[PDB]
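**Student:** So the sequence lines, in the order shown, correspond to chains A, B and C. FYI, the numbering for the first sequence is 174 to 211, 232 to 259, going by full-length UniProt numbering. FYI, the numbering for the second sequence is 45 to 124, 142 to 211, 232 to 275, 297 to 776, going by full-length UniProt numbering. FYI, the numbering for the third sequence is 45 to 124, 142 to 211, 232 to 275, 297 to 776, going by full-length UniProt numbering.
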Amino acid sequence: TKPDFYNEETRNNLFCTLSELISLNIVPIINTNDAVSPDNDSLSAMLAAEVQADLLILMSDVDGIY
Amino acid sequence: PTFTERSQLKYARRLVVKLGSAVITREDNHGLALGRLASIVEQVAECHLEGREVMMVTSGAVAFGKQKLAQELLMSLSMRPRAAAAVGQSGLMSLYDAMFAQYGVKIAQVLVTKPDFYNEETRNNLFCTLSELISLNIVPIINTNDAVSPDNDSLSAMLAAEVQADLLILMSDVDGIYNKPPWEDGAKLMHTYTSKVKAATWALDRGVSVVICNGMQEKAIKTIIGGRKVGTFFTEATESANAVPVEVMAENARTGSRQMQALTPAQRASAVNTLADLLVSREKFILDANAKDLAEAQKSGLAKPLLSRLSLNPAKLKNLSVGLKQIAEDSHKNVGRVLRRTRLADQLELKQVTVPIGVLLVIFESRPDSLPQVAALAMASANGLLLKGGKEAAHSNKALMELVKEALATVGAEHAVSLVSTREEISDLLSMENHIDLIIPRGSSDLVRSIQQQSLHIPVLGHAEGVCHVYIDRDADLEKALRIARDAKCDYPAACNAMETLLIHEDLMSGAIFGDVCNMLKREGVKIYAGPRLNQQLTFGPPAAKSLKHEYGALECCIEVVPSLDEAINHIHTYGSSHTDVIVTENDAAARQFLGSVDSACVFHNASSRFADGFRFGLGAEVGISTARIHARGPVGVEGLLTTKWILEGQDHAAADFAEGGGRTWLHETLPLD
Amino acid sequence: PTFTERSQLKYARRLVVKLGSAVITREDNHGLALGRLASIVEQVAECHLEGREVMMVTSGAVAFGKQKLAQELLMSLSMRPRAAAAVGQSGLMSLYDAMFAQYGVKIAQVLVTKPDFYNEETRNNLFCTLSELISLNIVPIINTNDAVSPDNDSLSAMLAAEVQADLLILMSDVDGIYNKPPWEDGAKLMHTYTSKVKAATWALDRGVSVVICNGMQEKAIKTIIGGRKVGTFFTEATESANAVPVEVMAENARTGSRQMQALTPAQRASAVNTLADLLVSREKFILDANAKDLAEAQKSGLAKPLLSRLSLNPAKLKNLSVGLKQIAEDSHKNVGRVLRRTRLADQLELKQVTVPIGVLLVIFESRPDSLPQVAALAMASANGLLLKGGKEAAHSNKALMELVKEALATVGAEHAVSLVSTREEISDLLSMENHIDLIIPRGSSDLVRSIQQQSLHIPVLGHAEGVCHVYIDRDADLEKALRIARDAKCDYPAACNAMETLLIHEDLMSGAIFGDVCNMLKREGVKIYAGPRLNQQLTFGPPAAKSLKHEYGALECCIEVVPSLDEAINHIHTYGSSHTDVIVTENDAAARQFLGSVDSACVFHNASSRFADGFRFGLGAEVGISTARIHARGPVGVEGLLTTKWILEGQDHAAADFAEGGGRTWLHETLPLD
Ligand SMILES: N[C@@H](CCC(=O)O)C(=O)O
Ligand SMILES: N[C@@H](CCC(=O)O)C(=O)O
Ligand SMILES: N[C@@H](CCC(=O)O)C(=O)O
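#1: Whole angstroms are fine: how far does the CA of B/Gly267 sit from the CA of C/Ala77?
#2: With C-beta atoms as the reference, is B/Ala501 less than 8 Å away from B/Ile388?
#3: Closest to B/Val350 by CA distance: which of B/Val522, B/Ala241, B/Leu404 and B/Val313 is it?
#4: Leaving out the 5 sequence neighbours to the left and right, which residues in its chain are closer than 7 Å to A/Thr205 when beta-carbon positions are compared?
#5: What are the boundary residues of the alpha helix (DSSP H) that includes B/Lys591?
#6: Give me whichever residues DSSP pairs with B/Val738 in a beta bridge.
#7: Beta-carbon of A/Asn198 versus every beta-carbon of chain B: anything under 8 Å?
#8: Rounding to the nearest angstrom, what Cα-Cα distance links B/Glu751 and B/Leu450 in this structure?
#9: Is the CB-CB distance between C/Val424 and C/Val440 below 8 Å?
#10: Using CA atoms only, rank isn't needed, just tell me which of B/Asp690, B/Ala478 and B/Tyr677 is closest to B/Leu505.
#11: Could you tell me which of B/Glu771, B/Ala723, B/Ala730 and B/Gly152 sits nearest to B/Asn421, measuring between CA atoms?
#12: For A/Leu187, which residues in chain E fall below 8 Å Cβ to Cβ?
#13: Among B/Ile68, B/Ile749 and B/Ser402, which has the Cα closest to the Cα of C/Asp683?
#14: Measure from the alpha carbon of B/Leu667 to the alpha carbon of each residue in B/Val700, B/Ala656, B/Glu658 and B/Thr641, then state which is nearest.
#15: If you draw a straight line from the alpha carbon of B/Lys624 to that of B/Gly617, how long is it in whole angstroms?
#16: Check whether the region 734 to 750 of chain C and the region 705 to 720 of chain B are in contact - that is, three or more C-beta pairs closer than 8 Å.
#17: For C/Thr337, name the three-state secondary structure that DSSP assigns.
#18: Beta carbon of B/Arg370, beta carbon of B/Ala484: below 8 Å?
#19: Cβ of B/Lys175 versus every heavy atom of ligand 5: is any distance shorter than 7 Å?
#20: Quick check: what's the CA-CA separation for C/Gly257 versus B/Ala511?
#21: What does the alpha-carbon distance come out to for the pair C/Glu431 and C/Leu377?
#22: Roughly how many whole angstroms lie between the Cα atoms of B/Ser192 and B/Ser65?
#23: Taking Cβ positions only, does B/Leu487 come closer than 8 Å to chain C?
#24: With 16 as the cutoff for other CB atoms within 10 Å, does B/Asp471 come out buried or exposed?
#25: Give, in chain order, every unbroken run of the beta strand (DSSP E) that is at least 3 residues long and sits entirely within the region 471 to 555 of chain B.
#26: What separation, rounded to the nearest whole angstrom, lies between the Cα atoms of C/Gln400 and C/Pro543?
#27: Once DSSP output is grouped into helix, strand and coil, what is the label at C/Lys175?
#28: Between B/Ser237 and chain A, is any beta-carbon pair separated by less than 8 Å?
#29: Please report how far the alpha carbon of B/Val550 lies from the alpha carbon of C/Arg411, in whole angstroms.
#30: On a CA-only basis, which of B/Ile465, B/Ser103 and B/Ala107 is nearest B/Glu71? Give me that one, please.
#31: Any chance the region 242 to 259 of chain B sits against the region 102 to 122 of chain B, with 3 or more Cβ pairs inside 8 Å?
#32: Check whether the region 88 to 101 of chain B and the region 153 to 170 of chain B are in contact - that is, three or more C-beta pairs closer than 8 Å.
#33: On the DSSP letters alone, give me the boundaries of the beta strand (DSSP E) that B/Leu773 sits inside.
#34: For the beta strand (DSSP E) that C/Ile314 lies in, which residues bound it at each end?
#35: Roughly how many angstroms lie between the CA atoms of C/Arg735 and B/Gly564, to the nearest whole one?
#36: Just grab the DSSP bridge partners of B/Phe706 for me.
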């Protein structure tokens with residue numbers, strides 16, 4: 174969830190989980206913990242941020258920006 | 045909370061399980077022990093299908109993922142934990158889905174963490190999620206968000242807390258809590274209760311009933327929901343003193359036996375005299391008590407056997423009084439009596455004497471008349487005694503108990519007697535050990551049969567079957583046998599010592615005495631069957647016997663005829679319970695033949711089976727009818743409750759002294775025994 | 045086939061299971077009983093992981109689909142079978158996939174039908190498919206092509242046939258095959274064997311070993327693969343007569359007991375004389391036999407206790423001969439002896455006499471010296487007898503057995519003796535009933551302990567623990583107790599009757615006698631521990647005792663001191679096994695105190711624990727040391743093998759005759775007993 178990116182200990186934890194995963198040729202599917210939830234795009238963005246990923250693809254319905 | 049006893053546990057509407065990390069993983073943490081898990085899910089689906097509300101908290105997903113990879117961990121430990146738990150979380154979820162859906166129930170994964178309980182907005186959120194779920198007949202599985210994790234039991238506890246659930250089940254590996262470390266004398270498994299322990303206190307402090315069972319125990323939930331004494335139950339309700347749980351009873355009784363051990367000379371005698379006097383003096387109270395409890399039984403209308411035997415009249419009390427006075431006057435030299443007097447060598451005087459047994463436990467249905475009888479038996483036999491009747495008579499039992507407690511209080515004054523009321527769970531009672539010696543069931547076949555089937559690793563006096571037998575020989579007077587069997591069956595046909603069979607020489611089919619006795623049984627209205635040989639014999643005659651080892655109790659008596667003495671003997675040994683038999687004849691050659699050949703507990707010659715009464719034998723007041731192959735046969739008086747004890751009073755003797763070195767030889771001179 | 049006994053079943057390389065349609069569906073055929081199925085898949089995955097080759101044949105898919113729909117069947121039975146089985150086939154397959162893969166094994170559905178076995182081209186095809194599969198470590202599940210179907234057991238049978246598989250397991254609901262319908266006396270569950299029955303014959307005719315177990319029985323495969331006698335095994339190998347499986351032994355012995363019952367007067371006496379003569383006359387044969395078997399044991403080198411006790415010397419044989427002659431001369435009036443002589447009324451002469459027990463079964467480790475001793479006991483006690491030693495001595499046992507069979511053959515001539523060799527599976531042996539009476543273990547703690555833990559619902563003479571105790575009083579002569587305990591421990595310190603403890607008055611810590619006895623034990627090299635109170639007492643002293651209820655056997659003796667007599671008594675009762683104890687003192691007041699208060703099987707006063715030998719008591723030849731609370735205490739001679747039997751010789755008496763109607767009164771005049 175978004176709060177999980179804000180505290181830093183959980184930042185460490187989740188990043189460790191992700192690194193351990195990717196090291197093992199596994200493609201983790203990253204949903205939000207709906208359970209703890211009152232469109233999840235900021236999530237992906239700041240995710241790539243913490244990961245410092247090469248390229249963020251963001252599919253959608255619209256073809257592009259006019 | 046509100047619930048106090050395991051009895052209350054059929055009445056909790058909201059439940060929470062939390063499987064332990066050891067009950068599901070096999071003995072590697074490198075796979076999954078499945079059978080246990082299956083048992084768990086089946087029990088849970090059951091309790092839910094009943095209508096109770098359950099929210100599993102399955103610990104230990106790591107094992108699932110660890111097994112599921114098993115290849116990449118391999119190839120990485122040569123070139124290089143939580144992640145395995147994440148992938149296992151997924152897979153395990155699927156597996157639960159399949160299995161639960163096979164009962165039609167649906168489930169839905171839910172992930173939480175301890176911090177998620179601390180902030181209050183998330184408390185609102187998660188509780189809303191749970192309420193919305195439970196409202197929809199879904200069994201949410203509640204794991205921890207490993208992802209956010211550096232044994233998840235506090236979690237379940239405080240979960241139940243926020244939910245304010247009826248009962249928290251907490252399965253585990255250990256069976257329960259002991260008094261002390263197990264490597265220690267006195268590891269009293271503390272079933273109730275006035297780490298896991300802390301968390302349990304905590305949850306109790308949240309007003310929540312907690313229980314900790316053993317996973318490997320079958321049906322553990324269905325077991326524990328029944329109220330069965332298993333695992334460990336927690337409540338400080340501490341309503342009453344309830345002087346003994348079950349056992350300090352037993353130790354006490356041991357103490358009291360040790361006590362009365364030093365009170366032979368007229369002490370127990372005068373004491374039982376006092377008991378008879380209290381019986382004949384304060385009967386008004388106990389009489390009205392039985393009248394009351396009998397009225398209480400009437401509305402129940404249980405069983406004319408019961409509804410007849412729970413009765414009591416001052417005439418019965420006079421009978422009991424005279425029996426007790428008899429026991430008193432004749433119970434003079436039963437204990438401490440020596441049986442051997444021998445000298446092995448100079449100042450080597452062995453002698454073997456009489457000593458009590460210990461902790462006797464009676465069991466019988468509502469028949470308060472026996473209670474003081476067996477109490478007199480105990481007290482004259484100087485050994486302790488417990489009791490357990492049935493449901494009825496309970497108040498009458500208490501009245502008699504107070505009377506006898508007074509009676510023993512006079513001299514010796516120690517209460518080496520008790521009573522285990524309030525549904526002590528007979529099977530659990532006999533599950534005890536190291537205390538109780540002689541189960542003395544007294545009610546009837548059922549009672550004793552249920553006992554023998556339930557009793558394990560404990561001596562059980564008494565029989566269970568009353569298949570007696572009556573042989574008639576070719577040289578036996580006809581009318582003699584006529585009246586004999588007439589009485590044998592028609593004196594108290596529901597007795598134990600009854601002739602649920604009648605065997606006749608092959609020759610005497612000619613004298614139509616078979617017909618005569620059929621006529622007689624008809625006279626008495628006896629539904630007779632026929633033996634296979636007898637089936638062959640006549641045209642259609644009486645109907646065929648169902649099974650030779652059957653029991654009637656009512657006015658029924660199989661009848662069969664065989665060629666020879668020896669054939670009869672063999673049939674007896676084949677079917678007879680070795681309980682009781684009699685022969686009728688005029689040849690003493692055959693008489694002795696039978697006498698020896700037979701192996702019944704007791705055999706007669708021209709008498710009646712109804713003689714097996716002990717009292718009839720001048721054997722004092724009987725206590726039971728034992729058919730076991732040891733120490734006791736049929737009519738057991740008091741001496742069936744006395745063992746021996748070797749004693750020896752040397753001066754300076756030693757073992758190697760009787761070797762070649764010391765001038766110590768052997769005499770074994772049978773001194774005149776006292 | 046080739047396999048003959050369940051012993052051979054650790055050596056089958058190709059297996060085939062066929063679950064029954066009742067072991068998996070719950071008790072509705074409207075769902076699925078899962079726990080059983082899980083157990084099955086776990087066992088199967090195990091046997092496969094071992095390296096054996098398995099091909100399940102799961103019956104009963106219909107239940108899966110029936111449950112899975114549960115809605116459309118509902119809505120159609122209001123507006124309107143095989144199809145449900147098809148959809149269930151799919152789902153069930155998936156489920157097996159999940160579960161098996163959780164052990165890492167992979168599977169692959171395979172469908173067949175009975176016609177598919179009949180044409181030969183399809184035989185080729187299917188066999189090719191199966192071989193290709195098994196070659197790839199895959200466990201094919203073999204269902205029938207329901208689609209083409211109008232209980233699929235013939236299928237599995239002939240499947241194994243075409244495969245020519247080692248063993249066909251056929252689980253089911255029934256435990257096994259009986260001699261006859263169960264509603265019938267003699268439902269002998271025929272474990273081996275010289297519908298399912300037919301198909302089993304068939305498969306056997308195809309050279310295939312078949313077994314039919316019970317599904318509900320746990321570990322049934324792991325059980326049956328071990329060779330354990332379970333289910334029903336099938337082979338007509340009929341190699342040897344193997345005169346008794348286990349039981350016709352028992353009945354025979356019963357017959358032989360009945361036989362020797364009529365041979366009291368010097369008959370058994372002269373017979374055991376004959377036995378002693380055969381012992382002293384043909385010893386060369388048995389001596390060389392033991393020499394041979396001892397050499398055989400030497401290469402094994404099992405245990406210096408065993409490797410020492412299996413020995414035998416003609417001196418030992420002389421000892422046995424004199425013991426047997428003693429038993430002979432003194433075993434004159436042990437049986438049939440009357441104990442009571444009483445008259446209830448005119449021609450009412452009850453008397454109670456001595457009778458045997460029945461089928462005694464000894465158990466002991468390799469110690470052929472005891473064998474003839476206990477045989478003499480049996481024969482002088484006129485009751486039957488079985489035997490079971492261990493592994494060694496077996497040939498020696500046979501030699502002794504032949505000698506004694508001769509000895510009994512002389513008079514009476516009936517072989518009321520046997521021997522159960524060839525690994526009769528002691529636990530199964532004691533699982534029997536209705537035949538055996540007295541388990542008489544004789545080896546050592548282990549033996550008897552394993553017994554008591556295994557024995558259920560069967561009398562077991564003997565003890566298991568030798569925790570004795572020695573109290574020393576403040577008024578006891580020092581050197582007296584010195585030599586006393588010296589011997590008590592240092593005569594055969596590995597005995598049962600040993601003082602694995604030593605208790606001392608609190609006062610006598612002052613006279614340094616504690617020090618003196620420590621010195622003495624050192625003299626004898628005894629590793630002494632200390633009691634908690636003693637731990638408190640001195641500076642560091644000897645090390646602390648581990649546990650008070652421990653056992654040493656070797657040169658070890660805990661030592662502890664308490665204040666008072668009564669404290670010692672309580673400690674005894676708390677820890678003592680009530681086996682044996684002695685007091686040393688000069689006060690007889692305290693003497694009697696102890697005497698009474700104590701509850702040991704046997705207690706002494708200034709003697710040695712090593713006196714508990716029975717023979718030492720002039721009690722004839724002992725048979726065991728019993729600590730049970732019934733019928734027998736410690737040294738049990740022969741009379742611990744004699745029960746009683748009420749007999750009664752009336753003329754014309756009846757029950758109601760002693761009622762008010764008939765002039766029959768009560769006397770109970772104690773006639774002078776014979
Ligand atoms: N749940 C919102 C953000 C919640 C918040 O932190 O305001 C999202 O995923 O975009
Ligand atoms: N307080 C939690 C862990 C909190 C966390 O770091 O997530 C525990 O003791 O198990
Ligand atoms: N003969 C087979 C069925 C043959 C078939 O139609 O496939 C049976 O009796 O079960």
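The C-beta atom is built at its ideal place from N, Cα and C for all residues, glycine as well.
**Tutor:** Concretely, from the data shown:
#1: Here residue 77 of chain C corresponds to residue number 33 of the third sequence, with the count starting at 1. Here residue 267 of chain B corresponds to residue number 186 of the second sequence, with the count starting at 1. Cα-Cα distance, rounded: 41 Å.
#2: By one-based count along the second sequence, residue 501 of chain B stands at place 399. By one-based count along the second sequence, residue 388 of chain B stands at place 286. Going by beta carbons, B/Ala501 and B/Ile388 fall inside the 8 Å limit.
#3: Counting from 1 along the second sequence, the entry for residue 350 of chain B is found at position 248. Checking every option, the nearest Cα to that of B/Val350 belongs to B/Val522.
#4: Here residue 205 of chain A refers to the residue found at position 32 when the first sequence is read from its first residue. Excluding sequence neighbours, A/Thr205 sits near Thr174, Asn233 and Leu236.
#5: By one-based count along the second sequence, residue 591 of chain B stands at place 489. From DSSP, the alpha helix (DSSP H) with B/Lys591 extends over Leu580 to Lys591.
#6: Here residue 738 of chain B refers to the residue found at position 636 when the second sequence is read from its first residue. DSSP output for B/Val738 lists B/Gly726 as bridge partner(s).
#7: As a position in the first sequence, residue 198 of chain A is number 25, starting the count at 1. Yes, because at least one Cβ of chain B sits closer than 8 Å to the Cβ of A/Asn198.
#8: What you label residue 751 of chain B is simply residue 649 of the second sequence in a count that begins at 1. What you label residue 450 of chain B is simply residue 348 of the second sequence in a count that begins at 1. In a straight line, the C-alpha of B/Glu751 is about 6 Å away from that of B/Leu450.
#9: Residue numbering aside, residue 424 of chain C sits at position 322 when the third sequence is read from its first letter. Residue numbering aside, residue 440 of chain C sits at position 338 when the third sequence is read from its first letter. Contact: no.
#10: In the second sequence, the residue the question calls residue 505 of chain B occupies position 403. When only C-alpha atoms are compared, the closest one is B/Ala478.
#11: Taking the first residue of the second sequence as 1, we reach residue 421 of chain B at position 319. If we check each option's Cα against that of B/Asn421, B/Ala723 comes out closest.
#12: Of the chains in the structure shown, none is chain E; the protein chains are A, B and C.
#13: Residue mapping note: residue 683 of chain C aligns to position 581 of the third sequence, counting from 1. Cα-wise, what sits closest to C/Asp683 is B/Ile749.
#14: What you label residue 667 of chain B is simply residue 565 of the second sequence in a count that begins at 1. The shortest C-alpha separation from B/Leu667 is found at B/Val700.
#15: Position 522 of the second sequence, counted from the start, is the residue given in the question as residue 624 of chain B. Position 515 of the second sequence, counted from the start, is the residue given in the question as residue 617 of chain B. Our two residues, B/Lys624 and B/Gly617, have alpha carbons roughly 10 Å apart in a direct line.
#16: yes
#17: Looking up residue 337 of chain C in the third sequence gives position 235. Coil at C/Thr337, not helix or strand.
#18: Locating residue 370 of chain B in the second sequence gives position 268, where the first residue counts as 1. Locating residue 484 of chain B in the second sequence gives position 382, where the first residue counts as 1. Taking 8 Å as the Cβ cut-off, B/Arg370 and B/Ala484 qualify as a contacting pair.
#19: What this structure holds is ligand 1, ligand 2 and ligand 3, not ligand 5.
#20: Stepping through the third sequence from its first residue, residue 257 of chain C is reached at position 176. Stepping through the second sequence from its first residue, residue 511 of chain B is reached at position 409. Distance between the alpha carbons of C/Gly257 and B/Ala511: 60 Å.
#21: Along the third sequence, one-based indexing puts residue 431 of chain C at 329. Along the third sequence, one-based indexing puts residue 377 of chain C at 275. Distance between the alpha carbons of C/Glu431 and C/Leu377: 13 Å.
#22: Walking along the second sequence from the start, residue 192 of chain B turns up at place 131. Walking along the second sequence from the start, residue 65 of chain B turns up at place 21. Going from the Cα of B/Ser192 to the Cα of B/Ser65 covers about 27 Å.
#23: As a first step, residue 487 of chain B is located in the second sequence; it is residue number 385 there, counting from the start. Not one chain C Cβ lies under 8 Å of B/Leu487.
#24: Sequence index remark: in the second sequence, residue 471 of chain B carries index 369 (1-based). It is buried - the Cβ of B/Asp471 has at least 16 other Cβ atoms within 10 Å.
#25: If we require 3 residues or more, the beta strand (DSSP E) runs fully inside the region 471 to 555 of chain B come out as 538 to 543.
#26: Position 298 of the third sequence, counted from the start, is the residue given in the question as residue 400 of chain C. Position 441 of the third sequence, counted from the start, is the residue given in the question as residue 543 of chain C. Their backbone Cα atoms lie some 25 Å apart in a straight line.
#27: In the third sequence, the residue the question calls residue 175 of chain C occupies position 114. Three-state result, C/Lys175: coil.
#28: Counting from one through the second sequence, the residue named residue 237 of chain B turns up at place 156. B/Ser237 does not count as touching chain A.
#29: Along the second sequence, one-based indexing puts residue 550 of chain B at 448. Along the third sequence, one-based indexing puts residue 411 of chain C at 309. Approximately 45 Å between the Cα atoms of the pair.
#30: Taking the second sequence and counting its residues from 1, the one referred to as residue 71 of chain B is at position 27. A check of alpha carbon separations from B/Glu71 across B/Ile465, B/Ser103 and B/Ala107 identifies B/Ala107 as the nearest.
#31: no
#32: yes
#33: On the second sequence, residue 773 of chain B is found 671 positions in, with the first residue counted as 1. Counting along the chain, B/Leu773 falls outside any beta strand (DSSP E), and DSSP gives it neither H nor E.
#34: Taking the third sequence and counting its residues from 1, the one referred to as residue 314 of chain C is at position 212. Taken as a continuous stretch (DSSP letters only), the beta strand (DSSP E) holding C/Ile314 covers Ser311 to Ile314.
#35: Residue mapping note: residue 735 of chain C aligns to position 633 of the third sequence, counting from 1. Residue mapping note: residue 564 of chain B aligns to position 462 of the second sequence, counting from 1. Going by the C-alpha atoms only, they are around 21 Å apart.
#36: Mapped onto the second sequence, residue 706 of chain B falls at position 604. B/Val684 and C/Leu750, per the DSSP bridge assignment.
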